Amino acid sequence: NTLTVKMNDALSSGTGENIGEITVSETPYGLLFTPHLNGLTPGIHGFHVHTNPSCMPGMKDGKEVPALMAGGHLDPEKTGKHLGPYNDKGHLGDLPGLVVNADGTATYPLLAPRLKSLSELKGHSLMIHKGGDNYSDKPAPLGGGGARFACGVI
């Protein structure tokens, strides 16, 4: 049982290059996200599930913002707080930071214990930000992920 999520670079002018795909599976402890991607800045990237089934860019006060139409972080309990994949009090869509190797690839598997079923990701999207994620709204909001680099509807 799997979900193959294709990921594409998000541009302010639209959808860019494909950079691989992410395969999600169920384990006795939660959903496992096993990436197979390339062309990413080495390091740890914010990685979250967003509300809307779209990666389309959008205008914000007159400026085009990449993958803006994705909406915010999946948060069916309107917590309104970014606390990470290990805190039952924040965004349910908060996944562990994506690990990007030194050669630009991402292969390290990520476990999101709070997510249990493949039906929970239906009608949403997976996002990879430019920045990292400190699993909090301080000092920088939303973990400090900043701009949206790549996105997948799934």
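Each residue number is its position in the shown sequence, starting from 1.
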Given 21 to 29 and 132 to 140, the range whose Cα B-factors average higher in the PDB entry: 132 to 140
Most elevated Cα B-factor in the entry, residues 102, 126, 112, 98: 102
Chain-wide C-alpha B factor ranking for residue 36, given as lowest, middle or highest third: highest
Residue 151 - which third its CA temperature factor falls in, relative to the rest of the chain: lowest
Ranked against its chain, the third holding the CA B-factor of residue 71: lowest
Third assignment of residue 50 from its chain's C-alpha B-factors: lowest
Third of chain Cα B-factors occupied by residue 116: lowest
